[PDB]
Ligand SMILES: [K+]
Ligand SMILES: [K+]
Ligand SMILES: [Zn+2]
Ligand SMILES: [Zn+2]
Ligand SMILES: [Zn+2]
Ligand SMILES: [Zn+2]
Ligand SMILES: [Zn+2]
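Chains as they are written, first to last, in my numbering: chain A, 1 to 634; chain B, 635 to 1269.
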């Protein structure tokens, strides 16, 4: 409140009057300078950056509300100076960031050669143009998120006002120490949740849920831990959108959390999609779910989207940076700069240290690092996956076999994960004629997630991105695929001609895939293909492990015993997690060599296995904490 | 007040005869107290009482109701009637809380009377319960001061127990799915021993010490600023032994609003308060801040509950505590915590010597069900094997007779309680025999006052020594050999005087009287210094022990002055109150039930890891060596 004034005074004393400052706000992680002279934005903020580096802050310049053009009139002036050439799809406005969102067929000519066209836009309207390429298909989810954000301007500004007020304070105490407390997904794969404590700050790294249909004592993170109180909590960071890592977030907002959430733009989008489906599933089966739609909305309002590499002040003593995890669209690793920096840490979350058809390999270059916290899903020597090539041949073989038998191939997948990777490869192999021309069916859920993909292309692999937006080969539109919604429709699918099915609930735990499974499991011609990791507990793993006598609800709700006779095939070398050797290589090749390693998100016996392996082959101390244990970082 | 309580009361009384004229049943601390209107029932060995006690697994105490207790003044009159004078009484005290009359006499057997006849009659006549004691050879200023405090706060103390008892005997709120221990001090170090046990229902501190090695606050005090620690949720504090590195921070808690109990042995409590008070006096005599005062030490006493070795006591709805002899110091204990269903119990050792000393019995190794064991590791690491004390004794005499005939004094710096006691015994015997030249040995007032407490708590001393003082009258703490030193003028007269033996307060040279004698005798080659206890990192003792000779400190007129050491520095290994490398190892072998997990504390970093490395390699038991803010899960 008072230390902030000194920050404001420093700005004004370093700035010319010509820059007509209206007010200086502390909005969230950043400092905002509002000017009554829009042309100032246009000029080089080099003097601005000189100030930013001087006070060690991020500084944004925007136009004051007074010098902003009425959106009505603002649109005319746009069409005036483009004009039709770069055919414009849509124009939107953002009352908070003072940006005009412009999506067009050819974004280049919205900008102008030396960025001169957009220069004219700001100079004439006062709006910062966000030049964006037209999405080949709109994503209902994003449209909704935008409506939420739009209609809640006033409220969002105050949240940012207050959040920023907490963030740029001088720390209350010295930074003697730092600690990490496990709260989930340790010596298990499930409720990934990690709790960082400073004498000043309390942050939660991931906040997930165990999807496996079991006890509450096994499905949720340990909030009942003495150290964790909700009021003390300064921020939640969400690596990627999988419910393993994000599913418990809406519970927090139900229990009265009032703070920020940080993640990549895709993460926020996918997250919302997955959580919303999680409501539809419970409403479908008549199961008491705690969080309503409202709690997802609150989550969205308090979410702060971050680009990869974008350094962010989230607490008086904590800078956050997100680096590409390359596991799922928008998946990220958290690098945390703590205090004086001498003891920084990195959390991986789920990651893959290999370029996929969809994503760029996980990052491995960072600022100074003391401690590394990595997943160990496929840890333990026995977990070397086969080469991408071999993995691909294997699939083709299975499908051809089924197709020749005249059957269908069911591949159960999460709405986002292996699904997209699978779609790229299948599209290609069919179109090329490596696989026989056969319809590939896809759950609305996956489809809707794909929409998000094409809409955040910057988060895809360069290779793929350029293939879509420069070469015009977009696999997700292909006539090969057919969108699926309604059990009514699905009935026809299973009764129809030999085909390939992608359906929701990655491990066969409820959802659509289960219903397909019911219909197809009793025919030896059909085959079930496993691609993702099958967690312990899940029916998927039970099936995989060889279980062939499964009891389920009937056409009505009658319990019926199902004698599985269909082919069960697991295809290794496709998972979103880096394999055993890749994990070990990731440690060999790091930015600064870490001095301590923690292992999480890993099956009990695989975690211990990797730990000794790492140490004996690299002589680096690795801790393998149990679920309620705490490790010191500083 | 509570329904769970009333239920117990009914079950108690429906199993009692009309003859037990029961006034009321109270829950007072860990125990259930039956007040009776018929004192003659106290007399009978409550065979039915103990039966009820085992059946409900609670501890039951019988007392006379305040109704049938005779006036204190009137009671005294009735007592002197029945001795009548032969067994010469020294002092008579009363305790409103326990309904107990305390009597110290020259001949206690005559106050009991054959067949307990006399004592029985005192109950019949006054309603008071006679606690009979022999009058100690020396009275303890500190023990008397405590007793006064307890008398003049009985009103409050009665209420304190009533609430505490009310909290303890409740049904556990949540299941006992998990248990965990947070290191808060004295881990990978020796300094602020403090340990935080937490269940879903209960929060207990094991030890609460101060790193006497006075430096930064961030290094001297335990880490209470850990998120998981609240003072409002803390159910109990357990103090193993009176040493400041285990007990010195306790008064801070009460300063900062702690309202709960402290558990320990009677001598521990007494010794505690002595060292705690001395620590306060030292700071104020040396113009230095300390975040607690006398006021707070008094509060600490008010809330203290003393226990005997092997006394099972309900601490929390899901915790039972038993203290076992640690053999380290007078009253030194290990803690056995029976948690929940008892499947995942733990033991904390504190400091301990797994060997019989002249002064104390060997550290207990026999316990009921255990899963986790937390032991000290001061002398971990293969290098830290100590030679037999028979050798240490011989090697000590050698040094003495050398320095003594050279025209020099022998300085031994010791904490008021510790090696001082042991040393005095072995010293007394050797001069009396004539193995040592007869020279006067000077003691600091502090060690003397500590001794007083030793002779007042006989039952905690080794069986041998207990027998030799209280049945043979060979009390070594009386020998004309020793001289109590108070004031500064006496100390100067020893330095200029003719050579002899010195014992001075503050073990490793922190300050106090210990630093005074040093700044008088170190520049003389004739003199020498002997280390007998452990030397912690942040001390001058540790520096002088490792070969360092030059130091900067203050003079008479508080002047920054140089001090050059020419004297002999001889360390006598094989006398510390900590069991050495061989004994620590042996302890793990002979431990009653084999633990399935071991945590190491109170050890030097490199030694801790060394030991742990060897524990696992030898016995293949998981050993954790947690850093100072880490948490280990027990269940
Ligand atoms: K809590
Ligand atoms: K605290
Ligand atoms: Zn995961
Ligand atoms: Zn994931
Ligand atoms: Zn490109
Ligand atoms: Zn000790
Ligand atoms: Zn100690």
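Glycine included, C-beta positions come from ideal geometry on N, C-alpha and C.
Mapping DSSP to helix, strand and coil, what is residue 412 of chain A? For residue 412 of chain A, the secondary structure class from DSSP, reduced to helix, strand or coil, is strand.
Going by other Cβ atoms of all chains shown within 10 Å of its Cβ, with 16 needed for buried, is residue 161 of chain A buried or exposed? Taking all protein chains in view, the Cβ of residue 161 of chain A is surrounded by fewer than 16 other Cβ atoms within 10 Å, so the residue is classified as exposed.
Secondary structure, alpha helix (DSSP H): runs of 4+ residues fully inside the region 947-1033 of chain B: Within the region 947-1033 of chain B, no complete alpha helix (DSSP H) run reaches 4 residues.
Under 8 Å from the C-beta of residue 1264 of chain B: neighbouring residues of chain A: Simply 179, 629, 630, 631, 632.
Strictly by DSSP, which residues pair up with residue 641 of chain A? For chain A, the structure presents residues 1 to 634; residue 641 of chain A sits outside this window and is missing.
I'd like to know if residue 810 of chain B contacts chain A, where contact means its C-beta is closer than 8 Å to some C-beta of that chain. Chain A, which has no Cβ nearer than 8 Å to the Cβ of residue 810 of chain B, makes this no.
Under 9 Å, CB to CB, which of the residues in the region 1248-1261 of chain B have a partner in chain A? Within the region 1248-1261 of chain B, the qualifying residues are 1260, 1261.
Just to check, is the beta-carbon of residue 82 of chain A closer than 7 Å to a non-hydrogen atom of ligand 1? Residue 82 of chain A Cβ: outside cutoff for every heavy atom of ligand 1.
Could you tell me how far apart the beta carbons of residue 642 of chain B and residue 656 of chain B are, in whole angstroms, since I believe they sit closer than 8 Å? Between the beta-carbon of residue 642 of chain B and that of residue 656 of chain B there is about 14 Å, and that puts the pair past the 8 Å contact cut.
For residue 943 of chain B, which residues does DSSP report across the bridge? Residue 943 of chain B pairs with B/957.
State buried or exposed for residue 918 of chain B, treating a residue as buried only when at least 16 other CB atoms are found within 10 Å of its CB. So residue 918 of chain B ends up on the exposed side.
Are the CB atoms of residue 1215 of chain B and residue 1016 of chain B nearer to each other than 8 Å? Taking 8 Å as the Cβ cut-off, residue 1215 of chain B and residue 1016 of chain B qualify as a contacting pair.
Interface flag, residue 862 of chain B vs chain A, CB-CB below 8 Å: Residue 862 of chain B counts as touching chain A.
Beta carbon proximity, residue 977 of chain B to chain A, threshold 8 Å: No, residue 977 of chain B does not count as interfacial toward chain A.
If I'm right that residue 565 of chain A touches residue 495 of chain A with Cβ under 8 Å, what's the distance once you round it to whole angstroms? 18 Å between Cβ atoms; not a contact.
Along the region 179-203 of chain A, where does the CB come closer than 8 Å to a CB of chain B? Name the residues. Residues passing the 8 Å Cβ filter: 179, 181, 197, 199, 202.
Report whether the distance from the Cβ of residue 958 of chain B to the nearest heavy atom of ligand 7 is below 7 Å. Checking every heavy atom of ligand 7 against the Cβ of residue 958 of chain B, none is found closer than 7 Å.
For residue 832 of chain B, list the residues DSSP reports as bridge partners. DSSP lists B/814, B/837 as the beta-bridge partner residues of residue 832 of chain B.
Please give me, in chain order, every unbroken run of the beta strand (DSSP E) with length at least 3 that falls completely inside the region 490-556 of chain A. Listed in chain order, the complete beta strand (DSSP E) runs (minimum 3 residues) inside the region 490-556 of chain A are 500-503, 527-530, 549-553.
By Cβ distance below 8 Å, which residues in the same chain neighbour residue 1261 of chain B in space, the five residues on each side in sequence not counted? Within its own chain, the residues whose Cβ lies closer than 8 Å to the Cβ of residue 1261 of chain B, once the five positions on either side in sequence are excluded, are 817, 821, 822, listed in chain order.
Residues within the region 211-225 of chain A neighbouring chain B, beta-carbon criterion of under 8 Å: Going along the region 211-225 of chain A in chain order, one finds 217, 224, 225 with a Cβ nearer than 8 Å to chain B.
Within 10 angstroms of its Cβ, does residue 701 of chain B collect 16 or more other Cβ (buried), or is it exposed? Per the 10 Å Cβ criterion, exposed.
Hey, residue 988 of chain B and residue 1210 of chain B: beta-carbon distance below 8 Å or not? Result no, Cβ atoms of residue 988 of chain B and residue 1210 of chain B do not sit closer than 8 Å.
Indicate the three-state DSSP secondary structure (helix, strand or coil) for residue 30 of chain A in the structure shown. In the structure shown, residue 30 of chain A adopts extended strand secondary structure according to DSSP, grouped into three states.
Assign residue 1236 of chain B to buried or exposed, taking buried as 16 or more other Cβ atoms, counted over all protein chains shown, within 10 Å of its Cβ. Label assigned to residue 1236 of chain B: buried.
Rounded separation between residue 313 of chain A and residue 178 of chain A - CA only: Within the model, the alpha-carbon separation for residue 313 of chain A versus residue 178 of chain A is close to 17 Å.
Residues bridged to residue 764 of chain B by DSSP? Bridge partners of residue 764 of chain B: B/735.
Mapping the DSSP letters down to three states, classify residue 1209 of chain B as helix, strand or coil. Here residue 1209 of chain B carries a coil assignment [DSSP, helix/strand/coil].
Where residue 1240 of chain B falls, given that 16 or more other Cβ within 10 Å makes a residue buried: With fewer than 16 Cβ atoms within 10 Å of its Cβ, residue 1240 of chain B is classed as exposed.
What is the rounded straight-line gap between the Cα of residue 300 of chain A and the Cα of residue 154 of chain A? Each residue's alpha carbon lies about 15 Å from the other.
Within 7 Å: the Cβ of residue 328 of chain A and any heavy atom of ligand 4? Shortest gap from the CB of residue 328 of chain A to any heavy atom of ligand 4: under 7 Å.
Burial state of residue 993 of chain B, where buried means 16 or more other Cβ atoms lie within 10 Å: It is buried - the Cβ of residue 993 of chain B has at least 16 other Cβ atoms within 10 Å.
Give me, in chain order, the residues of the same chain whose beta-carbon lies closer than 6 Å to that of residue 741 of chain B; leave out the 5 immediate sequence neighbours on both sides. Only residues of its own chain outside the window of five on either side were considered, and among them 721 have a CB closer than 6 Å to the CB of residue 741 of chain B, listed in chain order.
Taking a contact to mean a Cβ-Cβ separation below 8 Å, would you say residue 70 of chain A touches residue 36 of chain A in this structure? Going by C-beta atoms, residue 70 of chain A is not nearer than 8 Å to residue 36 of chain A.
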